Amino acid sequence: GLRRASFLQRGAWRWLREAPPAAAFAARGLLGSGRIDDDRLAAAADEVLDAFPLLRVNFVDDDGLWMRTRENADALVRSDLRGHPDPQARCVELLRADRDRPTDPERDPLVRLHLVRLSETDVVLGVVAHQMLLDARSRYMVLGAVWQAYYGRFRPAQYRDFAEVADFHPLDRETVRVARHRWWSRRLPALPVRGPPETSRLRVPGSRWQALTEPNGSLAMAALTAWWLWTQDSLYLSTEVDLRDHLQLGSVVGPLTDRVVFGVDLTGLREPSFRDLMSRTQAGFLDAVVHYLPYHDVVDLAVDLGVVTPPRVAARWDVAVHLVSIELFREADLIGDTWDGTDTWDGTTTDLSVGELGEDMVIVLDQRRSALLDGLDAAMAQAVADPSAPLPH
């Protein structure tokens, strides 16, 4: 009973194998408020852990990468933080702590569900998962499924098992694969050449984010980030893509998110507007999407052509842009050393992520050298006010 691992699992395993195990983990959570039966919710979690054999999967690195379905889940952790004056701040520290805990991917549960009670009305349902099992979207799918089971609304047939698409590959045809490999082989050598990590945050009113996003949400970010770095030829960025929407794969719980590398051509810009940069950002992104090649396959290729050297595989695209009452729980805060430690930094110098916080969006910036966030803030206001008007000189 050993299924072969998918291409995104194989790809991530190439760098995750020598990285600290906690690097593969992420934490998200849903906050429930009202009269909540803990035992009923705990039973609901077990039901979901059962219905999705993917959640009970361990990996076997021997003669290739393989998936192994564990019989017993042993993944439901129950905590109570009522003794703390600020239960919500503790719940964040709890999930972060469990996220940073070293996990044996061949033995231990790689998807942990946390049932954390904060008060007499508030309960947080959190998930701490290995990225080779659950991507960004799948984490909330699983969390949503647990609450569905709580009300008896969970139907497993509504979801599509990952087993059906584990063998799936966007480049199944060889003639297509060769063409994509060629397209990137010609462009990788031409890519232009480009301190401790510090975090800065910019809270954006939800209304501001919607008017900017709805017109692609991370594309407004990519355009404006590229713009500011231009002000301080072309600039190369990295962003994720959900293959569910792009390739019309079903509502599948599993790893179906990949990274694409695209370039924004900033050549002739003089007093550019949001439309100007949006046009050039979209042209670079769609060009990369049309000629899609898996990020791990791109990395391997760039290494052979001597463009980059491990582990600095992202040096030539060192800008990353990401993305009873029930609401998201501190998403902005959940979105994430030693002597002679193993250096596995990919070379990304500007990391930009966006997470919810109340009815607001929070932009979390990770840099390796503030003025950027004041720049984005002004540029965003301008982009909504008049996308044809020149951005700040």
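One-based numbering along the sequence shown.
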(message) What does the record say about the segment between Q232 and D233: how many deposited residues are without coordinates (none, 1 to 3, 4 to 9, 10 or more)?
(response) 10 or more
(request) Quick one: classify how much of the deposited chain lacks coordinates between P215 and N216, choosing none, 1 to 3, 4 to 9, or 10 or more. (result) 4 to 9
(request) Can you let me know which of the two, 90-98 or 148-156, has the higher average C-alpha B-factor in the entry? (result) 148-156
(request) Mind pulling up the entry and telling me whether 59-67 or 326-334 has the higher mean Cα temperature factor? (result) 59-67
(request) Would you mind finding, among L224, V321, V124, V307, the residue with the largest C-alpha temperature factor in the entry? (result) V307
(message) Can you tell me which of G355, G341, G32, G29 has the maximum CA B-factor listed in the PDB entry?
(response) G341
(request) Quick one: classify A45 as lowest, middle or highest third of the chain based on its Cα B-factor. (result) middle
(message) Is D276 in the lowest, middle or highest third of its chain when residues are ranked by C-alpha B-factor?
(response) middle
(request) Using the B-factors in the PDB entry, rank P20's C-alpha atom against the chain and give the third, lowest, middle or highest. (result) highest
(message) Splitting the chain's C-alpha B-factors into thirds, which one does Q382 fall into?
(response) lowest
(message) Could you place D172 in the lowest, middle or highest third of its chain by Cα temperature factor, using the values in the record?
(response) highest
